[PDB]
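Data from start-v2.csv: CSV, C-alpha atoms and all ligand atoms
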```csv
chain,number,residue,atom,x,y,z
L,1,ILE,CA,142.1,47.1,140.7
L,2,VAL,CA,144.0,47.2,144.0
L,3,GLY,CA,142.7,45.7,147.2
L,4,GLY,CA,139.6,44.2,145.7
L,5,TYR,CA,138.3,40.7,145.0
L,6,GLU,CA,137.8,38.6,141.9
L,7,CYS,CA,134.4,39.4,140.4
L,8,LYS,CA,132.1,36.5,140.0
L,9,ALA,CA,132.3,35.4,136.4
L,10,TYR,CA,130.0,37.5,134.2
L,11,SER,CA,128.6,39.4,137.2
L,12,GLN,CA,129.5,42.7,135.3
L,13,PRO,CA,128.1,41.8,131.8
L,14,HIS,CA,128.6,45.4,130.6
L,15,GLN,CA,132.3,45.3,131.2
L,16,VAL,CA,134.3,45.3,128.0
L,17,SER,CA,138.0,45.1,127.2
L,18,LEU,CA,139.5,47.4,124.6
L,19,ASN,CA,142.2,45.5,122.7
L,20,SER,CA,145.0,46.6,120.4
L,21,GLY,CA,147.2,43.6,120.5
L,22,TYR,CA,146.7,43.4,124.2
L,23,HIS,CA,144.2,44.8,126.7
L,24,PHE,CA,144.9,48.5,127.3
L,25,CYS,CA,141.7,50.0,128.6
L,26,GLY,CA,138.3,49.0,129.9
L,27,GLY,CA,134.9,50.3,128.7
L,28,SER,CA,131.1,49.9,129.3
L,29,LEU,CA,128.4,48.6,126.9
L,30,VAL,CA,125.5,51.0,127.0
L,31,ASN,CA,123.5,49.4,124.2
L,32,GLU,CA,123.9,46.9,121.4
L,33,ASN,CA,125.8,49.4,119.2
L,34,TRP,CA,127.8,51.6,121.6
L,35,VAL,CA,130.5,51.4,124.2
L,36,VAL,CA,131.6,54.2,126.6
L,37,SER,CA,135.2,54.6,127.6
L,38,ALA,CA,137.8,57.3,128.5
L,39,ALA,CA,139.0,59.8,125.9
L,40,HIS,CA,142.7,59.3,126.8
L,41,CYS,CA,142.2,55.6,125.6
L,42,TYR,CA,141.5,56.9,122.1
L,43,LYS,CA,142.7,55.1,119.0
L,44,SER,CA,141.4,55.5,115.4
L,45,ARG,CA,140.4,51.8,115.6
L,46,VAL,CA,140.0,49.3,118.4
L,47,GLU,CA,138.7,45.8,119.0
L,48,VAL,CA,136.0,45.6,121.6
L,49,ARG,CA,136.0,42.3,123.5
L,50,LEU,CA,132.7,41.5,125.3
L,51,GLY,CA,131.7,38.5,127.5
L,52,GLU,CA,135.1,38.3,129.1
L,53,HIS,CA,136.3,37.1,132.5
L,54,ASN,CA,139.8,35.8,131.9
L,55,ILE,CA,141.2,37.9,129.1
L,56,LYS,CA,143.9,35.3,128.3
L,57,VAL,CA,141.7,32.2,128.0
L,58,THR,CA,138.9,31.5,125.6
L,59,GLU,CA,135.9,30.7,127.7
L,60,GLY,CA,133.4,30.5,124.8
L,61,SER,CA,131.4,33.5,126.0
L,62,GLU,CA,133.5,36.1,124.2
L,63,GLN,CA,132.4,38.3,121.3
L,64,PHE,CA,135.2,40.2,119.5
L,65,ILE,CA,133.9,43.2,117.5
L,66,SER,CA,135.9,45.9,115.7
L,67,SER,CA,134.9,49.6,116.0
L,68,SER,CA,133.4,51.5,113.1
L,69,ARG,CA,133.7,54.9,114.8
L,70,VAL,CA,135.5,56.3,117.8
L,71,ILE,CA,134.4,59.7,119.1
L,72,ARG,CA,136.1,61.7,121.8
L,73,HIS,CA,134.2,64.3,123.7
L,74,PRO,CA,134.6,67.6,121.7
L,75,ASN,CA,136.0,69.3,124.8
L,76,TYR,CA,138.4,66.6,125.9
L,77,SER,CA,141.8,68.1,126.9
L,78,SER,CA,145.0,66.0,127.1
L,79,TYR,CA,146.5,68.9,129.2
L,80,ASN,CA,144.4,68.1,132.3
L,81,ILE,CA,142.2,65.1,131.2
L,82,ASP,CA,139.1,67.2,131.5
L,83,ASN,CA,136.0,65.7,129.8
L,84,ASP,CA,137.7,62.3,129.7
L,85,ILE,CA,134.9,60.4,128.0
L,86,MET,CA,134.6,58.8,124.7
L,87,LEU,CA,132.1,56.8,122.6
L,88,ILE,CA,132.9,53.7,120.4
L,89,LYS,CA,130.5,52.5,117.8
L,90,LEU,CA,130.5,48.8,117.0
L,91,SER,CA,130.8,47.8,113.4
L,92,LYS,CA,128.3,45.1,114.1
L,93,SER,CA,125.7,45.0,116.9
L,94,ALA,CA,126.6,43.0,119.9
L,95,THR,CA,124.4,39.9,120.7
L,96,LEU,CA,122.9,40.4,124.1
L,97,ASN,CA,122.8,37.3,126.2
L,98,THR,CA,123.7,35.9,129.6
L,99,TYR,CA,127.3,37.1,129.3
L,100,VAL,CA,126.8,40.5,127.5
L,101,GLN,CA,124.3,43.1,128.8
L,102,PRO,CA,124.3,46.9,128.7
L,103,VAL,CA,124.4,49.2,131.7
L,104,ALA,CA,121.9,51.9,132.1
L,105,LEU,CA,122.9,55.6,131.8
L,106,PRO,CA,122.4,57.7,135.0
L,107,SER,CA,119.0,59.2,135.6
L,108,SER,CA,120.5,61.6,138.1
L,109,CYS,CA,123.9,62.4,139.6
L,110,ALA,CA,124.8,60.2,142.6
L,111,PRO,CA,125.5,62.1,145.8
L,112,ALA,CA,128.6,61.7,147.9
L,113,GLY,CA,128.5,58.6,150.1
L,114,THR,CA,126.9,56.5,147.4
L,115,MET,CA,128.4,53.0,147.2
L,116,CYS,CA,129.6,51.9,143.8
L,117,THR,CA,131.4,49.1,142.1
L,118,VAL,CA,134.5,49.6,139.9
L,119,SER,CA,136.0,46.8,137.9
L,120,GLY,CA,138.8,46.0,135.5
L,121,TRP,CA,141.9,44.1,134.4
L,122,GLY,CA,144.4,46.7,135.4
L,123,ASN,CA,147.4,46.7,137.7
L,124,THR,CA,146.6,44.9,141.0
L,125,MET,CA,150.0,45.6,142.7
L,126,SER,CA,149.6,42.1,144.3
L,127,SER,CA,151.1,38.7,144.1
L,128,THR,CA,147.8,36.9,144.8
L,129,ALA,CA,145.5,39.0,142.6
L,130,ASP,CA,145.7,37.7,139.1
L,131,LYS,CA,145.0,40.7,136.8
L,132,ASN,CA,143.9,38.4,133.9
L,133,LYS,CA,140.7,37.7,135.7
L,134,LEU,CA,138.2,40.6,136.1
L,135,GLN,CA,138.7,42.3,139.5
L,136,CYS,CA,136.0,44.0,141.5
L,137,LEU,CA,136.0,46.7,144.2
L,138,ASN,CA,133.4,48.7,146.1
L,139,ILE,CA,134.1,52.4,146.5
L,140,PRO,CA,132.1,55.3,147.9
L,141,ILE,CA,131.7,58.6,146.0
L,142,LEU,CA,133.6,61.5,147.8
L,143,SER,CA,132.4,65.0,148.3
L,144,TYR,CA,133.8,67.7,146.0
L,145,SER,CA,135.4,69.2,149.1
L,146,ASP,CA,137.4,66.1,149.8
L,147,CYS,CA,138.3,65.7,146.1
L,148,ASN,CA,139.5,69.3,145.7
L,149,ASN,CA,141.4,69.0,149.0
L,150,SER,CA,143.3,66.0,147.6
L,151,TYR,CA,144.0,67.5,144.2
L,152,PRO,CA,143.8,71.4,144.7
L,153,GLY,CA,142.5,73.2,141.6
L,154,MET,CA,142.6,70.1,139.4
L,155,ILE,CA,139.0,69.0,139.7
L,156,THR,CA,136.6,70.3,137.1
L,157,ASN,CA,132.8,70.0,136.9
L,158,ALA,CA,133.4,66.8,134.8
L,159,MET,CA,135.2,65.0,137.5
L,160,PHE,CA,134.5,63.3,140.8
L,161,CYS,CA,136.6,61.4,143.3
L,162,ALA,CA,135.7,57.9,144.7
L,163,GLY,CA,137.6,55.6,147.0
L,164,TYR,CA,139.2,55.9,150.4
L,165,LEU,CA,141.6,58.6,151.5
L,166,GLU,CA,143.0,56.0,153.8
L,167,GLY,CA,144.4,54.2,150.7
L,168,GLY,CA,144.8,50.5,150.0
L,169,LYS,CA,141.7,50.2,147.7
L,170,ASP,CA,141.6,51.9,144.3
L,171,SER,CA,141.5,51.4,140.5
L,172,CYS,CA,144.7,51.7,138.6
L,173,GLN,CA,146.3,51.9,135.1
L,174,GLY,CA,144.7,49.3,132.9
L,175,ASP,CA,141.4,49.9,134.5
L,176,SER,CA,141.2,53.2,132.7
L,177,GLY,CA,138.0,53.7,130.7
L,178,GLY,CA,136.2,51.2,132.9
L,179,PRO,CA,132.9,51.4,134.7
L,180,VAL,CA,131.9,52.8,138.1
L,181,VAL,CA,128.3,51.5,138.7
L,182,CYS,CA,126.1,52.7,141.5
L,183,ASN,CA,122.4,51.8,142.0
L,184,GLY,CA,122.5,50.0,138.6
L,185,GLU,CA,123.6,53.0,136.6
L,186,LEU,CA,126.9,54.1,135.0
L,187,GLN,CA,128.0,57.0,137.1
L,188,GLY,CA,131.7,57.1,136.3
L,189,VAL,CA,134.6,56.3,134.0
L,190,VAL,CA,138.0,55.4,135.4
L,191,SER,CA,140.2,58.4,134.5
L,192,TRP,CA,143.2,59.3,136.7
L,193,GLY,CA,144.8,59.6,140.1
L,194,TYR,CA,148.3,60.0,141.7
L,195,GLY,CA,149.8,56.5,141.9
L,196,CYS,CA,147.3,53.8,143.0
L,197,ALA,CA,145.7,53.1,146.4
L,198,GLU,CA,148.0,55.7,147.9
L,199,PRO,CA,146.8,57.5,151.1
L,200,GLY,CA,145.4,60.9,150.4
L,201,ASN,CA,145.3,60.2,146.6
L,202,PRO,CA,141.8,58.9,145.7
L,203,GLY,CA,140.7,57.9,142.2
L,204,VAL,CA,139.3,60.5,139.9
L,205,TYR,CA,136.5,59.6,137.5
L,206,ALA,CA,134.7,61.2,134.6
L,207,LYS,CA,131.2,62.4,135.8
L,208,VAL,CA,128.9,60.6,133.4
L,209,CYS,CA,125.7,62.2,134.7
L,210,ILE,CA,126.5,65.6,133.1
L,211,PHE,CA,127.1,64.0,129.7
L,212,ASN,CA,123.7,62.5,129.1
L,213,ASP,CA,122.8,65.0,126.4
L,214,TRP,CA,126.0,64.5,124.5
L,215,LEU,CA,125.8,60.7,124.8
L,216,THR,CA,122.2,60.4,123.7
L,217,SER,CA,122.7,62.9,120.8
L,218,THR,CA,125.9,61.2,119.6
L,219,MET,CA,124.3,57.7,119.7
L,220,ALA,CA,121.5,58.8,117.5
L,301,CA,CA,138.3,34.9,127.8
```

How does the structure come out when it is put into structure tokens?
Ligand SMILES: [Ca+2]
Amino acid sequence: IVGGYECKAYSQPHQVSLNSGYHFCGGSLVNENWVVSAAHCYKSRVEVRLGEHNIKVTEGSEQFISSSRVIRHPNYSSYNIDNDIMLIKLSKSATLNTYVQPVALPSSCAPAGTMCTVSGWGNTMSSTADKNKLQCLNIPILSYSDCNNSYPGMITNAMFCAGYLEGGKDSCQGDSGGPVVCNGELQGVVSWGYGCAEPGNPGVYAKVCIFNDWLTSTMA
């Protein structure tokens, strides 16, 4: 996260860290058994770390659970990152408490201008922002017009842009797979963008609201 602020500890209880030796992607707990992330973060097996704030220090609130199944969206394409969404099933159900809570799936697609929160342990591109502590940032959803204007012919129905064309505030590598929450619902998944926080290059996110059927069917 670039240009944000440190999240208050445990203020984003749905935020998870996908670990394979080290943190490599974020994710969102949607229920006691499933986690949503980005398809490009795929690995046959991964360790989901919940209840984290500082990923390098044991705080006593963490729950480390290995995956039992990792399912990429059937239409995911590594050529253009289309349909960049994935589901991870926990081998054992997560214990919901003060530090671990699921985020609700969208009941409708959020319109442009809606304010959201994006968080993660990715690159901060700062000397004062410690990436080991969960970082937070508020970003508005952009119109398709602005999105396509920034990335001509690269935006599909499964993508949306969020952030500021002015630059300076944006998600970045390491935040990938993480949540974009607006009005208490998971509207996006950190996917891609040109550089980070660069003017004219907003962040691109997987449009969760059009995957409700696949998500609910797969979680059955
Ligand atoms: Ca920790």

I'd like to know which of L:149, L:202, L:154, L:5 is closest to residue 166 (chain L), using only C-alpha atoms. L:202

Report as a PyMOL selection string all protein, DNA and RNA residues lying within 12 Å of residue 215 (chain L), evaluated on all atoms listed in the file, omitting residues in the same chain fewer than 2 positions from it. chain L and resi 30-31+34-37+71-74+85-89+105-106+208-213+217-220

Restricting the output to C-alpha atoms, write the selected residues as a PDB file, in the coordinates of the input.
```pdb
ATOM      1  CA  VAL L  30     125.500  51.000 127.000  1.00  0.00           C
ATOM      2  CA  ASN L  31     123.500  49.400 124.200  1.00  0.00           C
ATOM      3  CA  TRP L  34     127.800  51.600 121.600  1.00  0.00           C
ATOM      4  CA  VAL L  35     130.500  51.400 124.200  1.00  0.00           C
ATOM      5  CA  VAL L  36     131.600  54.200 126.600  1.00  0.00           C
ATOM      6  CA  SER L  37     135.200  54.600 127.600  1.00  0.00           C
ATOM      7  CA  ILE L  71     134.400  59.700 119.100  1.00  0.00           C
ATOM      8  CA  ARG L  72     136.100  61.700 121.800  1.00  0.00           C
ATOM      9  CA  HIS L  73     134.200  64.300 123.700  1.00  0.00           C
ATOM     10  CA  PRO L  74     134.600  67.600 121.700  1.00  0.00           C
ATOM     11  CA  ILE L  85     134.900  60.400 128.000  1.00  0.00           C
ATOM     12  CA  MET L  86     134.600  58.800 124.700  1.00  0.00           C
ATOM     13  CA  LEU L  87     132.100  56.800 122.600  1.00  0.00           C
ATOM     14  CA  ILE L  88     132.900  53.700 120.400  1.00  0.00           C
ATOM     15  CA  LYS L  89     130.500  52.500 117.800  1.00  0.00           C
ATOM     16  CA  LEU L 105     122.900  55.600 131.800  1.00  0.00           C
ATOM     17  CA  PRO L 106     122.400  57.700 135.000  1.00  0.00           C
ATOM     18  CA  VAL L 208     128.900  60.600 133.400  1.00  0.00           C
ATOM     19  CA  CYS L 209     125.700  62.200 134.700  1.00  0.00           C
ATOM     20  CA  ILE L 210     126.500  65.600 133.100  1.00  0.00           C
ATOM     21  CA  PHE L 211     127.100  64.000 129.700  1.00  0.00           C
ATOM     22  CA  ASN L 212     123.700  62.500 129.100  1.00  0.00           C
ATOM     23  CA  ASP L 213     122.800  65.000 126.400  1.00  0.00           C
ATOM     24  CA  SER L 217     122.700  62.900 120.800  1.00  0.00           C
ATOM     25  CA  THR L 218     125.900  61.200 119.600  1.00  0.00           C
ATOM     26  CA  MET L 219     124.300  57.700 119.700  1.00  0.00           C
ATOM     27  CA  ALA L 220     121.500  58.800 117.500  1.00  0.00           C
TER      28      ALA L 220
END
```

Give me the residues near region 16-18 of chain L as a PyMOL selection string, where near means some atom within 12 Å (using all atoms listed in the file) and where sequence neighbours in that chain fewer than 5 positions away do not count. chain L and resi 10+23-30+34-38+41-43+45-56+62-67+70+88+90+94+99-103+119-122+132-134+174-179

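Remark: for residue 2 (chain L), the closest of the candidate residues L:61, L:135, L:117, L:75 is L:135 (distances computed over all atoms listed in the file).
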
From (142.4, 48.4, 143.3), in the file's coordinates, out to 12 Å: which residues are reached, counting only C-alpha atoms? Answer as a PyMOL selection string. chain L and resi 1-6+117-126+129-131+134-139+162-164+167-176+190+193+195-198+202-203

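From CA of residue 207 (chain L) back to CA of residue 159 (chain L), the distance works out to 5.1 Å.
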
Using only C-alpha atoms, determine which residues lie at most 7 Å from residue 104 (chain L), disregarding the query and same-chain residues fewer than 3 positions distant; provide the list as a CSV table (one decimal) with C-alpha atoms, in the coordinates of the input.
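And here's out.csv as it stands now:
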```csv
chain,number,residue,atom,x,y,z
L,30,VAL,CA,125.5,51.0,127.0
L,184,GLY,CA,122.5,50.0,138.6
L,185,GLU,CA,123.6,53.0,136.6
L,186,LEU,CA,126.9,54.1,135.0
```

Give me the residues near residue 80 (chain L) as a count of residues only, where near means some atom within 12 Å (using all atoms listed in the file) and where sequence neighbours in that chain fewer than 4 positions away do not count. 16

Counting only C-alpha atoms, figure out which residue out of L:96, L:182, L:9, L:112 gets nearest to residue 161 (chain L).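 Closest residue, counting only C-alpha atoms: L:112.
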
Counting all atoms listed in the file, which of L:150, L:107, L:216, L:91 gets nearest to residue 183 (chain L)?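 Comparing L:150, L:107, L:216, L:91 against residue 183 (chain L), the winner is L:107.
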
Would you list the contacts of residue 165 (chain L) as a PyMOL selection string, taking every protein, DNA or RNA residue within 7 Å and counting only C-alpha atoms, but skipping same-chain residues closer than 3 positions in sequence? chain L and resi 199-202

What's the separation between CA of residue 22 (chain L) and CA of residue 68 (chain L), in Å to one decimal place?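 If I compute the distance from CA of residue 22 (chain L) to CA of residue 68 (chain L), I get 19.1 Å.
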
Pick from L:7, L:187, L:95, L:12, whichever lies nearest to residue 108 (chain L) using only C-alpha atoms: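 The closest residue to residue 108 (chain L) is L:187.
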
Work out how far apart CA of residue 8 (chain L) and CA of residue 33 (chain L) are and give it in Å to one decimal.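 Distance reported for this atom pair: 25.3 Å.
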
Point out the residue among L:152, L:60, L:140, L:188 with the least atom-to-atom distance to ligand CA 301 (chain L), counting all atoms listed in the file.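 Distance minimum relative to ligand CA 301 (chain L) lands on L:60.
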